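Here the structure is laid out as structure tokens; the discussion comes afterwards.
Bear in mind these aren't lab numbers, they're just calculated from the coordinates by the rules spelled out. Here the Cβ positions follow ideal geometry from the backbone for every residue, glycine too, while neighbour counts run over all protein chains shown.
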Number of protein chains: 4
Amino acid sequence: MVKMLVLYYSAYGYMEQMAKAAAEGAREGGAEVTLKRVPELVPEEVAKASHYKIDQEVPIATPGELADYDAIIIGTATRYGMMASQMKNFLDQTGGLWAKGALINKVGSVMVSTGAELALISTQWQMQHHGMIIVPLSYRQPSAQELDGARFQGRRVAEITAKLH
Amino acid sequence: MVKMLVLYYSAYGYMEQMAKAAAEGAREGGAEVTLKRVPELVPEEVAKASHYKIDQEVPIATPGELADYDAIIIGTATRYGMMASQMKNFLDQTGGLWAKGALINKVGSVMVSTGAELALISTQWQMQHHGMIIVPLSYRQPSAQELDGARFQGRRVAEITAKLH
Amino acid sequence: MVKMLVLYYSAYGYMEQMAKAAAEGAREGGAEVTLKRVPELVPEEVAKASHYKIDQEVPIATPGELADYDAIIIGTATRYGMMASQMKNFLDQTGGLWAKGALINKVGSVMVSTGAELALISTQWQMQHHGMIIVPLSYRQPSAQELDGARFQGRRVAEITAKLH
Amino acid sequence: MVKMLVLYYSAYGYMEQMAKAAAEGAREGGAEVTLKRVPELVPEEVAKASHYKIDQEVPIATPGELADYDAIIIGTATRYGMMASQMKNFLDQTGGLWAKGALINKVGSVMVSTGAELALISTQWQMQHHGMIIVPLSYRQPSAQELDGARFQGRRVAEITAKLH
């Protein structure tokens, strides 16, 4: 039984629902799925000031634990065609995992929300830099087709990863 | 035993050597490897005029046959950060393969030569549009490290594809 | 009075209307505007077979004439996130214009139609490779907002180019 | 006399030298040049711990002041093909400048250092989203050709910006 990390960042909750949909779908694929969220840079104070809606009970992920799983799904809010600062900051910390060859041949996939395509591509590229195998896409609040897409995607990744083990 | 297509385009021979290195490596991975070249647009006349060095005995590929293989490796010469016109023209013809879902979940990989990164990304994206699983890179005449990279890449793809069957 | 080239490629006419809207808008900016279309690769025969709707009276452009204008607007149909083969083939021919430094500091802009963003970016990059100054975007048949966007864009480019002379 | 902001981020000093070279070159173009650095996220403590070499006397920039200048040059260190977290975090804060139309038609340019091309493109795109006119590139420690490139680029931007006023 393969283990999967559904790591995500959301600012307004949209991506979190996508992440949960992907995780639930991945469980249907027969994988031990873990839903974590990237740590918030900038202090706990003045963070929930103006705009905010981060979830509390989603556990925070560590840059080093990413080598423990067989498959990683990354979903992030994006602006102006690139990752949010929080997700970018987190992935740069996997420098010890990169040279070690830790994430080589591990299965990966990406979800994004709002420059959507450029953001999707930028994120996939960073995962490819760690030698990860990439599983492509589908083909206010998330629509029914988005949630189904994330769900299918999540199951498809779990289904592929198991086939590799 | 999986079947692989090493499809390529080369203008000065560099990519052809890369293609042959990838094919040979893929055979070592235990796959029935076929080395084809995309058809040359513009007539046979005035084609070999100024600059030219296309290989004759490499068989020409058809847009429709791409669904016959389990894995496809694409290698192309690039200019100004994008595919050569010949490779772009060929892949657009796979419109019947796209909607049919023919190339979904088939394993793929890309090699490029000279805007290298943008070209590598543009090509991978088109393959992802057909729902192909992507296997990332290595990590005058081709250097020893390039040929070894293409070789390893070719074997790695064949090795992965077999694991999926 | 600056001279502008509105060069385009269209397969179903959408981009041609965009091109005409950009040209008309550029005339309102006070520029001698020329509307040309990239030459069609593959023979005149079997070209208008299945799908076709290229315009006859739009004059065909030559790869070398691009250095005659002060501003160039490029508009192209795109598939799977990149240029159409016809536009890509044409721009690669500007190799004599590149090393000569012919297109350096000339004003340019891009329009695309259907991978839209990746295509827009890929095209702009090739123009930047010739050292062209880039003017960014707006911010069945073309909608009223698309035509107005192309129109404004066309005028804005003409308005900028004149300011540089 | 136009005013220019040479805003930058550097982790090991390479980009700072590029920034200074661009600023000095821009002064030779006849512009009031201001050299600022993006604020460092994460507290002052444990920041200079392991690796560090940020410059003290370079003044820190504010997200809102970017509308005060006529030209903006952005130079940033990059990893895995995208901006550093610090530069990305800063530019997202220009949301009030975007909808206001503050940065429209202002001249801009980008420098990067180490995924170089993808990073250069990602950054330019964000500037284009604010409607900024883009001036393309050249065509341990920075080499003589890099410094000359940044210098020329800096002067070229100042030279162009003045022509627009």
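Structure notes:
- Cα-based shape type of the range C:4-76, given that a ≥ b ≥ c are square roots of the gyration tensor eigenvalues and the cut on a/c is 1.5: oblate
- Centroid-to-centroid, using Cα positions, the range C:22-65 and the range C:98-112 are 19 Å apart.
- Label spacing, shortest first and in nm, from A:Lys3 to its equivalents in the remaining copies (7 angstrom along Cα→Cβ): 4.1, 5.6, 6.9
- DSSP bridge pairs, chain D: antiparallel proportion in percent, nearest 5: 10
- For D:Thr76, the residues whose amide H sits under 5 Å from its own are D:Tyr9, D:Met111, D:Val112, D:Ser113, ignoring neighbours fewer than 5 places away on the same chain, with H placed 1.01 Å from N.
- Long-range HN-HN contacts of A:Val33 with modeled amide H, under 5 Å: A:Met4
- Shown for A:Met1, B:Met83: other C-beta atoms within 10 Å of each C-beta, ranked fewest to most, produce the order A:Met1, B:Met83.
- Across the identical copies, the 7 Å label point of C:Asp92, projected outward along Cα→Cβ, sits 1.3, 3.7, 3.9 nm from its counterparts, in ascending order.
- Ranking of B:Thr34, C:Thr94 by count of other Cβ atoms within 10 Å, fewest first: B:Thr34, C:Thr94
- Backbone N within the range B:142-165 under 14 Å of label point (7 Å from B:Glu28 Cα along the Cβ vector): B:144-159
- Here the label points at D:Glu65 and A:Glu44, each 7 Å from Cα along the C-beta direction, are separated by 3.3 nm in the simple model.
- From least to most packed, judged by other beta carbons within 10 angstrom and beginning with the fewest, C:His129, B:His130 follow the order C:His129, B:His130.
- Note on A:97-108: average number of Cβ atoms from other chains within 10 Å of each residue's Cβ is 1.
- Above-threshold pairs, the threshold being 32 Å between Cα atoms, out of D:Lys48/D:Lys106; A:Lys20/D:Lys88; A:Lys88/D:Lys36; A:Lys88/B:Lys20: D:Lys48/D:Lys106; A:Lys88/B:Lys20
- Cα gyration tensor, the range C:67-127 - rounded (a/c under 1.5), prolate or oblate: prolate
- A:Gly30 label point (Cα plus 7 Å toward Cβ) to equivalent points in the other copies: 2.2, 7.3, 7.5 nm, shortest first.
- Shielding of C:123-129 by partner chains, average beta-carbon count, 10 Å: 6
- DSSP assigns beta bridges within the protein assembly as shown; of those with both partners inside it, close to 10 percent run antiparallel.
- On the rotation that sends chain D to chain C, the chain D Cβ lying closest to the axis gives residue and distance in whole Å as D:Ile134, 2.
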